């Protein structure tokens, strides 16, 4: 099957294998980076073993909903549309977009926790390159890189903008910058949207992404 059919499994067994903290037929992203996990086909019972504290949870990204094995419960199930940008990136020079780094982490963290960038843990900024835009000296918006299911695939993630800076085209410009870097390295961008986000899908289509397939994000917690 395609590397993007199991992006958590494949990234953690592939280019990002140093981020895997589990063993054997379970793969678990270092929690400093994010909440993602995956099981070998047939080995899903072991997912419960990744959930010890009462409030622990794991996100899975698979073609179908993951059934809660014994010791677990489904908290959320989110239909996704997975998209790929495998056509040429038109060049777009945008010097207002700045690379982010360690000194920006407090501000990145505030933005991420306040908006909907997806999961954001203490070390998520280390997952790959992040870019930002600053307005009145504030970090207005950001976007970055995340999973790498194979050497030539790279995920666009962490796209978020403070409400007060929305409607100015920042997200589009940040996505452009991220995919330019991927392009420079000969990598193909991909991303997930919620299937429900009609607006976002149109934005991504306008930035060169096409629908690849439906996927499902499952959030598992401990059974009560």
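Positions refer to the first chain, counted from 1.
Mean C-alpha B-factor is higher over 50 to 58 than over the other stretch, the pair under comparison being 35 to 43 and 50 to 58. If you average the C-alpha B-factors over 142 to 150 and over 114 to 122, the higher value belongs to 114 to 122. For residue 15, the recorded CA temperature factor ranks within the lowest third of the chain's modelled residues. Annotation for residue 92: CA B-factor lies in the middle third of the chain's modelled residues.
Split the chain's modelled residues into thirds by C-alpha temperature factor. Residue 75 is in the lowest one.
Annotation for residue 185: CA B-factor lies in the middle third of the chain's modelled residues.
Placement of the Cα temperature factor of residue 81 within the chain: middle third of the modelled residues, per the deposited record.
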